[PDB]
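*Asks:* Dropping the structure in here first, questions after.
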Amino acid sequence: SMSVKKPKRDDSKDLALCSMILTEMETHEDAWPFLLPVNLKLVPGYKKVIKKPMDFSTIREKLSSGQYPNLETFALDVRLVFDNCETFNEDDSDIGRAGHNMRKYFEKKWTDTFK
């Protein structure tokens, strides 16, 4: 509350560390469905159904330009990529499996770097 604060957690390395995670997600062999925005002219139903499209290149641009206020807003966009994937793709598809794999990969790196 006013003039009452928990001890200050060092957040000075968060930007660098989220960049490193994002690099590791970019270079994963199952990243290909997620590297670029889904083409809303060429994929029927995407535009109407997926209200907030997100992809790794869009996260990279937001990261590089100071549009994440804190590490939690960064994680929310990463998770959004996988939540969108599950909304649109059957579990038993190459893309559906890719999304589950990448979400696992992310959540481990997140826990190991920050928890």
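Chain lettering (A, B, ...) mirrors the order of the structure tokens, residue numbering begins at 1 for each chain separately, and ligand numbering begins at 1 in order of display.
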Mind running segment 79-111 of chain A against segment 45-65 of chain A at 8 Å and telling me each contacting residue's nearest atom pair with the distance in Å (one decimal), counting only C-alpha atoms, chain and number ascending, as a Markdown table?
*Replies:*
```
| residue | atom | partner | partner_atom | distance |
| --- | --- | --- | --- | --- |
| A:80 | CA | A:54 | CA | 6.5 |
| A:81 | CA | A:54 | CA | 5.2 |
| A:84 | CA | A:50 | CA | 6.6 |
| A:87 | CA | A:50 | CA | 7.9 |
| A:88 | CA | A:46 | CA | 7.8 |
```
*Asks:* Write the residues of the selection above to a file with C-alpha atoms, as a PDB file, in the first residue's frame.
*Replies:*
```pdb
ATOM      1  CA  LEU A  80      -1.939 -16.498 -26.956  1.00  0.00           C
ATOM      2  CA  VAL A  81      -0.031 -18.018 -29.925  1.00  0.00           C
ATOM      3  CA  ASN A  84      -5.067 -19.602 -30.893  1.00  0.00           C
ATOM      4  CA  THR A  87      -8.741 -23.001 -31.102  1.00  0.00           C
ATOM      5  CA  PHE A  88      -8.194 -23.554 -34.860  1.00  0.00           C
TER       6      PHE A  88
END
```
*Asks:* Do you know which residues are at most 10 Å from segment 95-105 of chain A counting only C-alpha atoms, after dropping those on the same chain fewer than 5 positions away, and could you put them as a PyMOL selection string?
*Replies:* chain A and resi 21+24-25+28-34+78-79+81-90+110
*Asks:* For the atom pair atom CA of residue 17 of chain A and atom CA of residue 74 of chain A, what is the interatomic distance in Å to one decimal place?
*Replies:*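 Result for atom CA of residue 17 of chain A versus atom CA of residue 74 of chain A: 11.2 Å, one decimal.
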*Asks:* One decimal, in Å: what's the spacing between atom CA of residue 113 of chain A and atom CA of residue 4 of chain A?
*Replies:*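 Interatomic distance, atom CA of residue 113 of chain A to atom CA of residue 4 of chain A: 27.8 Å.
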*Asks:* To one decimal in Å, tell me the separation between atom CA of residue 107 of chain A and atom CA of residue 71 of chain A.
*Replies:*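 One can read the atom CA of residue 107 of chain A to atom CA of residue 71 of chain A distance as 13.4 Å.
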*Asks:* Enumerate the residues of segment 6-113 of chain A with a DSSP assignment of helix (DSSP H, G or I), computed from the backbone, and present them as an MDAnalysis selection string.
*Replies:* chainID A and resid 14:26 32:34 46:49 56:64 71:88 94:113
*Asks:* My list of candidates is A:91, A:111, A:73, A:106. Which is closest to residue 15 of chain A when distances are computed with only C-alpha atoms?
*Replies:*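 Comparing A:91, A:111, A:73, A:106 against residue 15 of chain A, the winner is A:73.
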